[PDB]
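S.K.: Next up is a structure, given as C-alpha cells.
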Amino acid sequence: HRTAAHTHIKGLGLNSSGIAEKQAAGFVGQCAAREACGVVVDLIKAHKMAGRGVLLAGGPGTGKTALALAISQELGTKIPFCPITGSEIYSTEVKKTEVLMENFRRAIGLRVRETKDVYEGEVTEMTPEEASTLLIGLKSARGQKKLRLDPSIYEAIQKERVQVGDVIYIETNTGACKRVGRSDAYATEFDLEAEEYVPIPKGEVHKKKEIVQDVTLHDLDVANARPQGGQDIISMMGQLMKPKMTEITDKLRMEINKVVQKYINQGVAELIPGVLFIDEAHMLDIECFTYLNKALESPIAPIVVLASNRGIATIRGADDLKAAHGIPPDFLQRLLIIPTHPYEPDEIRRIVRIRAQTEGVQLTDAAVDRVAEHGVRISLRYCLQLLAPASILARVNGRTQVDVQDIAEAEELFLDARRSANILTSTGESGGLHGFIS
Amino acid sequence: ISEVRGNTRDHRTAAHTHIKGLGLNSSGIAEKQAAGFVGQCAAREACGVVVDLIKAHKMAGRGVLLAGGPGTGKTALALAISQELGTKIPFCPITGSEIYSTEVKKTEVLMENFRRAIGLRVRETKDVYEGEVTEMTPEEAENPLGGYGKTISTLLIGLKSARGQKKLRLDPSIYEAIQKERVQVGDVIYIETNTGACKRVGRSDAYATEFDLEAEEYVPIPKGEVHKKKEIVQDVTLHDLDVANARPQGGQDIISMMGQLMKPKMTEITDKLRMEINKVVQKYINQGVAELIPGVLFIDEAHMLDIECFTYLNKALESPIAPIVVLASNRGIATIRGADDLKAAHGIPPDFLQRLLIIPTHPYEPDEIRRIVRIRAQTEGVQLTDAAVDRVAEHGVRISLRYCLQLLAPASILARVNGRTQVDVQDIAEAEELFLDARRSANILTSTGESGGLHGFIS
Amino acid sequence: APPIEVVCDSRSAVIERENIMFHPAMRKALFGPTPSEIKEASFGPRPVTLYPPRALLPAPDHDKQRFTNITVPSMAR
Amino acid sequence: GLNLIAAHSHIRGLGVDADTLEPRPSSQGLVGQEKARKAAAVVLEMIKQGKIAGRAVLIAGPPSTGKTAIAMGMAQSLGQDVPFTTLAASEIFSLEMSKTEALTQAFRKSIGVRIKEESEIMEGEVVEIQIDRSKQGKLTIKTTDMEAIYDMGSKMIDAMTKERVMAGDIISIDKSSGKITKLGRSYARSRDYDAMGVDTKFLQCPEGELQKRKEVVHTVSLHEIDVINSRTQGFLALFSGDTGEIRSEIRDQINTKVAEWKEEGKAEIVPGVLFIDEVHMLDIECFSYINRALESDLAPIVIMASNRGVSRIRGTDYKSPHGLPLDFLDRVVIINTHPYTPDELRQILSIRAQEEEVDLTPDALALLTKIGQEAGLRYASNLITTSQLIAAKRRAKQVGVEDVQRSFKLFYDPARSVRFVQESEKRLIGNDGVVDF
Amino acid sequence: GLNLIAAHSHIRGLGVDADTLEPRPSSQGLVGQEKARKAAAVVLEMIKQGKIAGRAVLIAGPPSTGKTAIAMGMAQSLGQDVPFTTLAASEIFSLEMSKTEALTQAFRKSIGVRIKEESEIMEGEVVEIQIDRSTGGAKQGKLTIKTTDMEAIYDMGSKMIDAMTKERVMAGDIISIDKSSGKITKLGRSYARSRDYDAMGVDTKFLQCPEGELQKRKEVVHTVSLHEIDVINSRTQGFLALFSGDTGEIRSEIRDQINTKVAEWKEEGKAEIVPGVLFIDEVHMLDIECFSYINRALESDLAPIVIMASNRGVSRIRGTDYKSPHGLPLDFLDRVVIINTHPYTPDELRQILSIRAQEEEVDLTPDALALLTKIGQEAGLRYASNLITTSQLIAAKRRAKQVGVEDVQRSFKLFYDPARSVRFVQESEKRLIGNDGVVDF
Amino acid sequence: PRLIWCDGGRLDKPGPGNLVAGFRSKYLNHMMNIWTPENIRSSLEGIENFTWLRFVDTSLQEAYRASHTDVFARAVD
Ligand SMILES: Nc1ncnc2c1ncn2[C@@H]1O[C@H](COP(=O)(O)OP(=O)(O)O)[C@@H](O)[C@H]1O
Ligand SMILES: Nc1ncnc2c1ncn2[C@@H]1O[C@H](COP(=O)(O)OP(=O)(O)O)[C@@H](O)[C@H]1O
Ligand SMILES: Nc1ncnc2c1ncn2[C@@H]1O[C@H](COP(=O)(O)OP(=O)(O)O)[C@@H](O)[C@H]1O
Ligand SMILES: Nc1ncnc2c1ncn2[C@@H]1O[C@H](COP(=O)(O)OP(=O)(O)O)[C@@H](O)[C@H]1O
C-alpha cells in the first residue's frame with residue numbers, strides 16, 4: 001500500500017439511476033463529467049461498440065485522468081484497459097501507423113477457461129512399455145500413481161535430465177514439464193553430489209484446479225508472426241536476429257480473426273472488447289489522425305478515450321492549420337467531447353481532506369484552510385504536494401499532526417513554479433558570472 | 001492438373017496503347033498521323049535521330065532532355081523510342097521518386113539503374129547427354145588391381161529420350177554422382193561434358209504407377225534430343241553481374257544459407273568491383289565472344305532528382321561504359337530540391353544542363369485534338385458520331401487534353417446501358433456532369449466552399 | 001573474453017546453461033557427423049541419411065590464420 | 001463474434017438498378033446521393049468489364065457527406081471475385097521500405113491471377129503400419145465409410161519414419177507431390193493415453209471416399225507472386241512483413257510470366273480496385289510516382305477520396321485545390337458530393353436506428369433530426385446509442401425526448417466545443433502560458 | 001587505483017543532522033548551503049520512507065552553485081541499498097531504439113526488488129584428492145578436507161569429479177564448493193604447502209586456513225531492478241543485452257506481466273519492493289516529447305522519485321519555439337517542486353577552497369589562500385579549484401614545499417579565467433572566425 | 001537469485017507459480033495458430049488466405065516446421 005497520485009480514486013461514485021453524487025468514492029464535485037463517464041462505462045459493458053471516440057477537454061490541473069482511472073477501476077480486472085501516452089507512438093523499427101494497431105490489438109481481450117491437472121511427485125520407475133508408451137510412477141507423500149505417457153511428452157521429459165528419482169511437475173493438459181530436484185530419500189547416496197535436494201510433496205499427486213486467464217489479440221498476432229521464446233535460440237546473437245517488431249500485415253490480422261471466431265463458435269473462448277486510453281492526444285500528429293479515421297471504422301475496433309488539454313494550437317506535422325484541442329476537424333466530428341470545468345474554493349478543501357486521509361497525514365483545521373489558500377491562489381497540483389513533506393517536518397520536531405508552522409516552513413523550503421519564475425526574472429537580473437544563462 | 005479456359009485472349013487499354021512507333025520516312029522527315037502520333041514533327045524527328053544514335057553504338061554517355069508542358073507527349077515519345085528499339089535492347093524506365101531508398105544512399109540506386117540499362121549478349125554452346133536411364137551395367141577390367149574386389153573399367157548407361165535411345169560408355173568416376181544423387185532405373189538425368197557428373201531431375205512418368213503411394217515429382221520424358229549440341233544466346237544485364245559478384249546466390253554453409261533465407265538487402269557496391277567488371281567485359285569483347293549493348297535510362301520526372309544526384313550523374317556519365325539518359329522535365333523556372341538557393345530552368349542545375357541535348361515539345365493545335373480523339377476512339381473500339389467528336393474536341397481545346405480522352409469510357413458505358421451501340425451527343429452531355437474536371441471542381445471549391453464551417457471544406 | 005554467464009546456484013541453471021550456451025544440436029549440425037555414425041551409415045545394407053549431411057562450418061577465408069587469434073612468428077620474420 | 005456494429009454496417013452494396021443505372025433513393029442502406037451514386041455505378045460497370053486500365057477517380061466533397069460510404073458500397077457490390085484494397089495514406093510512410101516501393105505494393109495487390117485446377121488429395125486415418133523387413137510395405141487407412149490397403153515401395157516408408165506416424169494419426173497425402181502432412185490424432189484414441197504431449201491436436205475422422213478430387217478456383221494477387229519469389233522460404237514474409245525493397249528484375253520476370261500464362265490459357269487476369277483513402281496526406285514525392293504507375297497495362301482502376309479545400313501540399317510550400325498538385329488533377333476525374341437535406345437526414349438516422357436495433361418515438365426522431373441539422377451526422381449518429389443506454393438505465397423500452405435531451409446535455413457536439421475553448425482561454429494551453437487560477 | 005581525485009571526491013554524504021534536520025554548516029564536505037540542504041534532507045527522508053509515489057524535485061540555480069554536489073551528497077547518503085541512477089539527458093537520444101522507450105527503461109531501472117534466500121557452502125583446505133580414473137573414468141573418488149577445527153572425508157558423484165578436474169583442485173587449495181550447484185571458487189592458496197607449488201609465480205599470495213565450521217548457510221541478499229527482469233525475459237539468453245545495450249523496443253505486455261508478478265511476489269511475502277532515486281541531470285535538454293511522457297510516468301505505483309537540475313533562465317523548449325522558465329513547459333512545472341540555491345559568500349568560498357585543498361593534500365600559506373579567495377570572488381569556484389592543482393605543480397617545478405603568492409600569480413598568469421577569455425575574443429575579433437571573415441595580419 | 005532465474009521470474013519456464021506459461025504456450029503455439037495444418041486446411045479453397053500454398057513447392061508439414069523453428073534449424077533443413 002503505497003500512495004500514488006491517484007490512490008484515492010476508487011470508482012465514479014454513481015447512484016442506481018446513473019446520477020453522480022458529490023463527495024463520493026474519492027471524487028469531489030465534477031458532476032456532469034462523471035455522469036458522462038458512467039454512460040461510457042455502460043457503453044463498454046453493453047457490447048454494442050465497434051469503435052467510438054471520446055475526447056476529454058479541460059485544462060491542466062482539472063481531473064481528466066482521474067476520470068480515466070475511475071473508468072479503469074469501474075470496469076474491473078476483467079475488461080482490458082490499455083493506457084498509452086501520445087509520445088509512445090514513435091519508434092525506430094516500425095512505422096507509427098502500426099503501433100496504433102498494436103495498441104488496438106492489445107485492447108481486445110480473449111478469456112479462456114482451463115482445468116489444469118498438475119502432477120507433483122517423485123518418479124518411481126521409467127519403464128518403456130511398447131517397442132513408445134512409457135509408464136511413470138509418481139510417488140507422493142500420500143501415495144504413488146501410475147501414468148501413461150504419449151511418445152511426444154516423453155521426448156520432453158527426456159530432454160530434461162530426469163533419471164530415477166527426480167521429483168517432477170507434469171502438466172497433463174498443456175504437456176509442460178519441470179524437474180524440481182532430487183528427492184531427499186536419495187540424498188545421501190553419494191556424499192558430495194551436486195543437486196537440489198527437496199522433500200517429497202506432502203499433498204496429493206493429482207491436484208485439479210481451474211484457472212480463468214486472458215489473452216490479448218496482439219499476443220496472438222505476435223505469436224503467429226514470429227516464433228517466440230520457446231524455440232527461438234538463434235536470438236542470443238542479438239544484432240539482426242533479435243525479435244524486432246515487424247510490420248504485421250493486414251492479411252495476418254484478417255486470418256487471426258477467422259481463427260478466433262472459429263474458437264468462439266465452439267464455445268471454448270469468450271470475447272471482451274476493451275478500452276484504449278490515449279492520453280495527451282496533441283502529441284499525435286496528422287499522420288495518425290488520418291489512420292485513426294480509418295481504423296476506428298473496422299467492426300472489431302475498441303472504444304478510444306482521448307485526453308487533450310490544449311486550446312487552439314498548431315497541429316503537429318502540418319504547420320499551416322490551427323484547430324481546437326490539437327485535433328483536426330476532419331476527426332473532431334467523430335468524437336464525443338466531454339467538458340471538465342475548474343474547481344471552486346469550497347471544493348478544494350474536501351480534496352485536501354481526502355488526500356490527507358489517504359496518506360495517513362492527519363492535521364488540524366487551521367492548516368486545511370492554509371493548504372486551501374495555496375490551492376486557490378497557486379494551483380491544485382502544488383497544494384497536494386505539501387501534505388507529504390510537512391509530515392516529515394512534523395514527526396521530526398516531536399509532533400504527530402501537522403500544524404500551520406510546518407506548512408509555513410514547507411512553503412519556504414519548497415517553492416512552486418510561480419515564485420521561482422519571479423526569482424528567476426527579478427532577482428536573477430544581470431546575466432553575468434553569478435546569473436542564469438537564458 | 002490446371003484446367004485451361006477457352007475464352008477470348010484480348011488485351012487492356014492503357015493511356016499509351018495506340019502508340020506503335022515514331023512513324024518516320026526513309027529519310028528521317030516525320031509525317032503527321034502515322035503510327036499513333038498526330039503532328040509533333042520536330043520532336044519525332046529528333047527522337048528518330050536519338051534512336052539512330054542508340055542503334056549505331058556511337059552513344060557512350062550522352063544525355064537528352066525532353067522539355068515541354070504537362071500532357072504534351074514526353075512519355076509518349078519515350079514509349080515510342082522503346083517500341084522502336086525493340087526488345088533485345090534494354091530499357092529501364094525509372095522515375096525521379098524511386099532513387100530515395102532506406103537501405104542505401106540515393107546516389108547508388110542511380111548507378112544500379114545504369115547497370116540495369118546496359119545489356120550483355122553472350123553466345124555459347126551446350127553439350128549434354130540427356131534422358132531417362134534404362135541400364136546401369138558395369139564392365140570388368142582387363143587387369144584387376146591386386147588386393148581389391150571388383151575392378152570396373154567402363155560403366156555403361158542406356159539413355160532413352162523421347163525420340164531415340166542410345167547406349168553410352170563412360171569413365172567409371174560417374175559412380176560418385178550416382179551414389180550421392182541416388183540415380184536408379186527410370187530417372188531422367190543429364191550428363192554434362194566439361195566435368196561429367198550426372199544430376200537427377202526426377203522419376204519418369206512411365207513408372208508413375210508401379211507403386212501406389214510412394215510419390216514424388218513425376219517429370220515426363222525429355223521430348224527432344226539425346227545429344228544436345230545446341231547453341232545459346234544469353235542476355236545478362238550488368239546489374240545482374242554486380243549482384244551475383246557482390247552477394248553470391250548459392251553457397252554450402254550456414255551463413256550463406258541464412259543470407260538467402262533472410263531478406264536480401266540492397267547494399268552499396270564498391271567502385272573497385274565495377275572497375276574490375278568493366279575491365280573484364282572489355283577484355284571479353286576484344287576476344288570476340290560477348291557483345292555490349294547500351295540501352296536507355298528514361299528518368300521520368302527529372303525535377304524530382306535533387307542537387308546531390310546530378311553531381312553523381314556527372315561522374316557516372318563520364319564513365320567509358322554508360323547508356324543514354326533520356327530525362328523528362330515539365331517545369332519552367334523551378335527551385336532545385338536539394339539546394340534551396342538557385343532558381344534554375346527545368347529544375348536542372350546550370351552545370352548539368354550543358355550536357356543535355358534539349359528537345360522541345362509544343363502544345364497541340366485545336367484541329368489535332370480531334371484526330372487524337374479519333375485514334376483513341378478506334379483504339380478502344382468505342383465508335384461515335386461526328387458531332388460527338390466535335391463536342392469532345394470542344395472540351396479538349398477548352399479544358400485539357402487528358403480530360404477529353406477520359407470522356408470516352410463513361411460515354412461508352414452509358415451508351416451500351418441506354419440501349420445503343422455508338423456514342424451520341426446525349427451520352428457525352430450526360431457524362432460531362434458525372435465526371436467533373438479540375439476547373440469546375442475548383443469553382444465549386446472556391447464559390448460554394450466559402451470557409452471552414454459546418455457544411456464546408458477544411459482549408 | 002568468454003560471454004557473461006549467470007551465477008545462479010541451482011542445478012537447473014547449470015542445465016539451462018549447458019543446453020543453451022552449448023546446445024549440442026547446433027554443434028552437431030555445424031561440425032558434422034561422428035565417425036561411428038559414418039561407419040553405421042557406410043557399412044549398412046541400404047543408404048541412409050545424416051542429420052548434418054556435410055560439415056556445415058563455412059570455409060574460412062584466410063588460410064594461415066583461421067577462426068583464432070593466435071600468432072606464430074612467421075618463418076620469414 | 002468479432003463482428004460488432006461499426007459506422008459502415010448498414011451499407012450492403014451500392015444499391016442502384018443494374019439494368020438502366022437508376023439510383024433509387026432508399027436501397028441497400030444508402031440514401032439519397034443520386035448523382036454521385038450514379039457516377040460510382042458507371043465506374044463499377046467499367047471495373048467489372050476490366051478492359052480499360054488505369055483510370056483515376058477522385059471523390060471530393062465536405063466531411064460527413066458519404067465519401068467512404070460510397071467506397072464501401074462499391075466494395076460490397078463486387079463480391080469476392082474482384083479484389084479491393086483499403087489503404088489509408090498514412091500507411092505508406094514506413095521505416096523499413098521507402099515510399100515508392102510501399103506504394104508500388106499497393107498497386108501489386110489489386111490485380112488478381114485466377115487459375116482453376118484439380119486437387120488429388122487423400123485423407124485418412126492410419127490403422128496399421130506393416131513394414132516388411134526383407135523394400136516394400138503396406139498402409140491400412142480407413143474413414144467413416146471405407147477402408148483400404150495400399151502398397152508402398154522404398155522411400156515413403158522413410159517419409160513415415162521421418163514423420164513418426166503412429167497408429168491412430170490422420171495423415172493427408174497430396175499425390176501430385178507426394179508428401180505426408182500429419183494432421184493430428186483422432187478422438188477415438190483420446191481414451192488411450194492419459195498425459196498427452198504438446199503438439200497433438202484431436203480431430204474427427206475423415207468422411208467419404210479416400211481419393212478426393214475436386215475442381216477448385218485459386219485466386220492470388222501479383223503481390224503474392226512478388227513476395228514468394230523474393231527469397232527462399234519467403235512465403236511467410238507476406239504474413240510477417242519481413243520484406244523490403246524488392247528488385248525490379250524480379251517484378252519484370254513476374255510480369256513477363258503472367259503475360260505468358262495469359263497467352264497459354266493457364267491464367268486469367270482479373271484487374272481490381274485500389275482505394276487510396278485520404279489522398280491529401282501523400283506528398284509530391286508520391287504523386288510523381290502515381291503519375292507513372294497509371295500508365296502500364298497492369299494498373300488497377302484507382303479510386304481515391306479527399307476532404308480538403310485549397311490547402312498546402314505536404315512536402316512543398318504552395319497552395320493547390322484539394323491538396324493535390326495540378327499535374328495530377330489534370331489526370332483524374334472528380335465526382336463531387338453534396339450535403340444532406342433534413343428529409344434525407346431523418347431516414348439516415350432511421351437506418352442507423354434499425355441497424356442498432358434501437359426503437360425511437362417519432363418526436364425523438366424529429367428532435368434528433370434537428371440536432372443533426374445543427375451539428376452534423378457524426379454527432380447525431382452518436383446520440384442513438386447514448387439515448388438507448390440512458391433509457392436502459394432508467395428501464396424504458398422506447399427512447400424519448402427526455403433521453404435525447406439528456407444525451408445532448410451530457411456530451412458536446414463539435415460546434416459548442418469551439419465556443420467552450422474560446423470561452424476559457426486562460427487555462428487551456430494555447431501556445432505560451434497557463435494561469436492555473 | 002581507480003580512485004583518482006575528481007571534482008566531487010570530497011563529498012561524504014549530505015552532511016545534515018538526522019535528528020532535528022539541522023544543516024550543520026561544515027560536515028562531510030557540503031559546506032555553506034543551508035536551506036537547499038534542509039529541503040534535500042526532507043526529500044531524502046521521504047525517499048527511505050517508501051510511502052510516496054514518484055514525485056519531482058527540481059534543483060534550480062545558477063552555474064557552479066552546488067547542484068551536482070547536493071545530488072552526489074544524496075547519492076553517498078544512501079549506500080548500496082536504495083538504487084540511485086544518474087541520467088545525463090542526452091543518453092536518451094539514441095539510435096538503437098526510440099526515445100520515449102529509452103526514457104521508460106530509465107524509469108524501470110530505479111525500482112528494485114530485494115529478495116533474501118539461503119545457500120549452503122563449504123570452506124576449507126583440501127588435504128588430498130584421489131580420483132579413480134583407472135581405461136576407467138570419473139566414477140568414484142575421495143576428497144579429504146579440513147578447517148582449523150573440522151576435518152572430513154567425502155565421496156563424490158560423477159558430476160562432481162567432472163567439476164574437480166574442471167577447476168583442477170590441488171592438494172592445498174582453499175576452495176568453496178557451493179553444494180547446490182557445484183561451482184568451485186578457489187579463494188586462494190594455503191601457506192603450509194608453499195613447497196608443493198612449483199607452477200606458480202615467484203610472488204604469489206598465500207592465505208591461512210579458514211576458521212570455524214566447514215558446512216554453513218549464508219543469507220545472501222540480492223537486489224535487481226525491474227528493467228533487469230524485463231531484459232532477462234526478452235530473448236532466449238537475453239541478459240547479455242543489458243551488458244551490451246543491444247536491447248530494442250521491449251513489448252509492453254512483458255512489462256505488464258512483470259508488474260503483475262512483482263505484486264504477486266509482494267503479497268506472498270516472498271519479495272519486497274524498494275523505490276529508488278532517478279537523477280535526471282540537465283533536464284532542459286529534453287524536448288516536449290519527453291515531458292509529455294514524464295507527466296504520465298510519474299503517476300503509477302511503480303515510479304521512482306525524480307530529482308533534476310536546471311541552469312537556464314527564460315529559455316526556449318526544444319522541439320517547439322516558445323520560451324518558458326527553466327526550459328520546461330508549464331504543464332510539467334505544475335508537477336515539479338522547486339528548490340532554489342544561492343551564490344556563495346566569500347568566507348564560504350574560502351572554506352570550500354580549504355576543503356578542496358585538504359582533499360588533494362596541498363599545503364597552502366594563508367596569504368595564498370586569501371589571494372585565491374580574491375580570485376574566486378571574481379572567477380568562480382571551478383577556476384580557483386583548478387588553480388589549486390596547477391599551483392601545487394608549479395611549486396613542484398622549482399622544488400618547493402608550500403605554495404605561495406608567487407605560484408598562484410603564475411597560474412593566474414598562464415591560464416585565463418573565462419571572463420578574460422571573453423575579453424580576449426572581443427578584442428581579437430578580426431582573426432577569430434566569428435561567422436564569415438578570416439584576416440591574416 | 002533462484003527465484004527469478006529458475007522458479008517463476010522467467011515468463012517461459014512453466015513451473016508452479018508461473019501458471020500462465022503452460023496455457024499460453026499451448027494456446028498460442030498449437031491451438032490458436034494460423035500455421036497448424038488444421039487451421040490451414042480450412043482456408044485453402046479460393047479467395048482465402050492460404051490460396052497460394054498449393055503452388056509453392058511446399059506441403060503443410062513444410063510450412064508447419066518452417067513456422068516454428070529458428071533461422072538456424074530452418075537453414076539446416
Ligand atoms: N474530483 C476529484 N477528486 C479528487 N481529486 C481530484 C479530482 N479531480 C482531480 N483530482 C486530482 O487531480 C490530480 C490529477 O490531475 P490530472 O487529471 O492528472 O490533470 P491532467 O489530466 O490535466 O494531467 C490528481 O492528483 C487528483 O488528486
Ligand atoms: N502526338 C500524340 N498523338 C497521340 N496521342 C498523344 C500525343 N501526344 C500526347 N498524346 C496523349 O496525351 C496523353 C498525355 O500525354 P503525356 O504523355 O501524359 O504528357 P507528358 O509526357 O507531359 O506526361 C497520353 O495519354 C498520350 O496518349
Ligand atoms: N447516403 C447515405 N445513406 C446512409 N448513410 C450515409 C449516406 N451517406 C453517408 N452515410 C453515413 O454517414 C457517415 C459518414 O460518411 P463518410 O464517407 O464516413 O464521411 P466522410 O466522407 O466525411 O468520411 C458514414 O458512416 C455513413 O454510414
Ligand atoms: N556546499 C559545497 N561544499 C563543497 N563543495 C561545493 C559545495 N557547493 C559547490 N561545491 C563545489 O563547487 C563545484 C560546483 O558545484 P556543481 O554542483 O558541480 O556546480 P553545477 O551546479 O554548476 O554543476 C563542485 O565541484 C563542488 O565541488
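By convention in this document, the chains of the C-alpha cells carry letters A, B, ... by their order, each chain's residues are numbered from 1, and ligands are numbered from 1 in the order they are shown.
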List all protein, DNA and RNA residues that have any atom at most 8 Å from ligand 2, counting only C-alpha atoms and all ligand atoms, and write the list as a ChimeraX atom specification.

M.R.: /B:15-19,33,36-40,68-77,328,330,372,375-376,401-402,405 /D:291

S.K.: Select the residues contacting ligand 1 at a distance of at most 6 Å, based on only C-alpha atoms and all ligand atoms, then format the selection as a PDB file with N, CA, C and O atoms, in the first residue's frame.

M.R.:
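Done, and the output landed in pocket.pdb:
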ATOM      1  N   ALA A   5      -0.420   9.268  -7.215  1.00  0.00           N
ATOM      2  CA  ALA A   5      -1.199  10.468  -7.472  1.00  0.00           C
ATOM      3  C   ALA A   5      -2.683  10.183  -7.640  1.00  0.00           C
ATOM      4  O   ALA A   5      -3.478  11.124  -7.626  1.00  0.00           O
ATOM      5  N   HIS A   6      -3.076   8.927  -7.807  1.00  0.00           N
ATOM      6  CA  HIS A   6      -4.478   8.548  -7.925  1.00  0.00           C
ATOM      7  C   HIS A   6      -4.768   7.339  -7.062  1.00  0.00           C
ATOM      8  O   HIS A   6      -5.414   6.382  -7.482  1.00  0.00           O
ATOM      9  N   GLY A  26     -14.152   9.147  -3.646  1.00  0.00           N
ATOM     10  CA  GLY A  26     -12.888   9.825  -3.834  1.00  0.00           C
ATOM     11  C   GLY A  26     -12.981  11.121  -4.611  1.00  0.00           C
ATOM     12  O   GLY A  26     -12.173  12.026  -4.384  1.00  0.00           O
ATOM     13  N   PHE A  27     -13.945  11.235  -5.511  1.00  0.00           N
ATOM     14  CA  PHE A  27     -14.124  12.468  -6.253  1.00  0.00           C
ATOM     15  C   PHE A  27     -14.789  13.529  -5.399  1.00  0.00           C
ATOM     16  O   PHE A  27     -15.448  13.236  -4.402  1.00  0.00           O
ATOM     17  N   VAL A  28     -14.570  14.783  -5.776  1.00  0.00           N
ATOM     18  CA  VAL A  28     -15.242  15.912  -5.149  1.00  0.00           C
ATOM     19  C   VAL A  28     -15.844  16.758  -6.251  1.00  0.00           C
ATOM     20  O   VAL A  28     -15.109  17.330  -7.064  1.00  0.00           O
ATOM     21  N   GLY A  29     -17.170  16.841  -6.280  1.00  0.00           N
ATOM     22  CA  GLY A  29     -17.829  17.592  -7.331  1.00  0.00           C
ATOM     23  C   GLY A  29     -17.670  16.894  -8.662  1.00  0.00           C
ATOM     24  O   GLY A  29     -17.646  15.660  -8.739  1.00  0.00           O
ATOM     25  N   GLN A  30     -17.543  17.708  -9.716  1.00  0.00           N
ATOM     26  CA  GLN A  30     -17.323  17.272 -11.095  1.00  0.00           C
ATOM     27  C   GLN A  30     -18.444  16.328 -11.538  1.00  0.00           C
ATOM     28  O   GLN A  30     -18.248  15.135 -11.766  1.00  0.00           O
ATOM     29  N   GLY A  59      -8.529  22.142 -18.982  1.00  0.00           N
ATOM     30  CA  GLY A  59      -7.130  22.453 -18.877  1.00  0.00           C
ATOM     31  C   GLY A  59      -6.393  21.541 -17.937  1.00  0.00           C
ATOM     32  O   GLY A  59      -6.944  20.610 -17.341  1.00  0.00           O
ATOM     33  N   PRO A  60      -5.102  21.805 -17.801  1.00  0.00           N
ATOM     34  CA  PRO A  60      -4.310  21.081 -16.819  1.00  0.00           C
ATOM     35  C   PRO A  60      -4.675  21.516 -15.416  1.00  0.00           C
ATOM     36  O   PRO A  60      -5.077  22.656 -15.178  1.00  0.00           O
ATOM     37  N   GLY A  61      -4.562  20.575 -14.485  1.00  0.00           N
ATOM     38  CA  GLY A  61      -4.980  20.761 -13.124  1.00  0.00           C
ATOM     39  C   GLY A  61      -6.358  20.217 -12.833  1.00  0.00           C
ATOM     40  O   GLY A  61      -6.652  19.879 -11.686  1.00  0.00           O
ATOM     41  N   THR A  62      -7.207  20.130 -13.840  1.00  0.00           N
ATOM     42  CA  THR A  62      -8.501  19.517 -13.640  1.00  0.00           C
ATOM     43  C   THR A  62      -8.366  18.005 -13.722  1.00  0.00           C
ATOM     44  O   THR A  62      -7.338  17.472 -14.133  1.00  0.00           O
ATOM     45  N   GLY A  63      -9.424  17.313 -13.329  1.00  0.00           N
ATOM     46  CA  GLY A  63      -9.371  15.871 -13.215  1.00  0.00           C
ATOM     47  C   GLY A  63      -9.723  15.121 -14.473  1.00  0.00           C
ATOM     48  O   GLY A  63     -10.777  14.489 -14.545  1.00  0.00           O
ATOM     49  N   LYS A  64      -8.832  15.125 -15.450  1.00  0.00           N
ATOM     50  CA  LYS A  64      -9.093  14.340 -16.644  1.00  0.00           C
ATOM     51  C   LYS A  64      -8.689  12.892 -16.461  1.00  0.00           C
ATOM     52  O   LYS A  64      -9.510  11.992 -16.647  1.00  0.00           O
ATOM     53  N   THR A  65      -7.462  12.642 -16.044  1.00  0.00           N
ATOM     54  CA  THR A  65      -7.021  11.262 -15.939  1.00  0.00           C
ATOM     55  C   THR A  65      -7.573  10.566 -14.704  1.00  0.00           C
ATOM     56  O   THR A  65      -7.583   9.329 -14.658  1.00  0.00           O
ATOM     57  N   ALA A  66      -8.048  11.323 -13.720  1.00  0.00           N
ATOM     58  CA  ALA A  66      -8.767  10.710 -12.612  1.00  0.00           C
ATOM     59  C   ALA A  66     -10.063  10.070 -13.083  1.00  0.00           C
ATOM     60  O   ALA A  66     -10.442   9.005 -12.585  1.00  0.00           O
ATOM     61  N   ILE A 351     -10.887  17.859  -1.221  1.00  0.00           N
ATOM     62  CA  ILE A 351      -9.790  17.156  -1.868  1.00  0.00           C
ATOM     63  C   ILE A 351      -8.587  17.107  -0.942  1.00  0.00           C
ATOM     64  O   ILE A 351      -7.891  16.088  -0.862  1.00  0.00           O
TER      65      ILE A 351
END

S.K.: Could you tell me, counting only C-alpha atoms and all ligand atoms, which protein and nucleic acid residues lie no more than 8 Å from ligand 4, written as a list in words?

M.R.: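 The neighbouring residues of ligand 4 are, in order, residues 7, 8, 10, 11, 29, 30, 31, 32, 33, 61, 62, 63, 64, 65, 66, 67, 68, 69, 70, 71, 309, 311, 352, 355, 356, 381, 382 and 385 of chain E.
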
S.K.: Would you mind listing what lies within 8 Å of residue 34 in chain F as a ChimeraX atom specification, with only C-alpha atoms counted and same-chain residues fewer than 4 positions away left out?

M.R.: /A:224,255-256,259 /F:39-40

S.K.: Let's have the selection written as a JSON list (two decimals), in the first residue's frame, with N, CA and C atoms.

M.R.:
[["chain", "number", "residue", "atom", "x", "y", "z"],
["A", 224, "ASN", "N", 1.77, -15.63, -33.78],
["A", 224, "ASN", "CA", 1.61, -16.23, -35.09],
["A", 224, "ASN", "C", 2.56, -15.67, -36.13],
["A", 255, "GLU", "N", -6.70, -13.14, -40.99],
["A", 255, "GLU", "CA", -6.84, -14.57, -40.73],
["A", 255, "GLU", "C", -6.99, -14.90, -39.24],
["A", 256, "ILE", "N", -6.32, -14.15, -38.38],
["A", 256, "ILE", "CA", -6.46, -14.39, -36.95],
["A", 256, "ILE", "C", -7.87, -14.09, -36.47],
["A", 259, "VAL", "N", -9.70, -17.41, -37.19],
["A", 259, "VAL", "CA", -9.38, -18.50, -36.27],
["A", 259, "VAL", "C", -10.00, -18.24, -34.89],
["F", 39, "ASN", "N", -5.68, -25.55, -39.11],
["F", 39, "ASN", "CA", -6.13, -24.20, -39.41],
["F", 39, "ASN", "C", -5.65, -23.70, -40.76],
["F", 40, "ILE", "N", -4.96, -24.52, -41.54],
["F", 40, "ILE", "CA", -4.67, -24.19, -42.92],
["F", 40, "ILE", "C", -5.63, -24.89, -43.86]]

S.K.: For a quick check of understanding, using only C-alpha atoms and all ligand atoms, which of A:202, A:145, A:48, A:334 has the smallest distance to ligand 3?

M.R.: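 Closest to ligand 3 of all the choices is A:334.
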
S.K.: Please return, as a list in words, all residues of chain B lying within 12 Å of chain A when only C-alpha atoms are considered.

M.R.: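 Residues satisfying the distance criterion: residues 258, 259, 262, 263, 452, 453, 454, 455, 456, 457, 458 and 459 of chain B.
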
S.K.: Could you list, as a ChimeraX atom specification, all residues that come within 7 Å of ligand 3? Count only C-alpha atoms and all ligand atoms.

M.R.: /D:7-8,29-33,62-70,348,377-378

S.K.: Under the rule of at most 12 Å, produce a per-residue listing of range 9-74 of chain C near range 178-194 of chain B: chain, number, name, the closest pair of atoms, and the distance in Å, as a Markdown table, using only C-alpha atoms.

M.R.:
| residue | atom | partner | partner_atom | distance |
| --- | --- | --- | --- | --- |
| C:42 | CA | B:179 | CA | 11.4 |
| C:46 | CA | B:179 | CA | 11.3 |
| C:47 | CA | B:179 | CA | 8.8 |
| C:48 | CA | B:180 | CA | 11.0 |
| C:49 | CA | B:180 | CA | 10.5 |
| C:53 | CA | B:180 | CA | 10.9 |
| C:54 | CA | B:180 | CA | 11.9 |
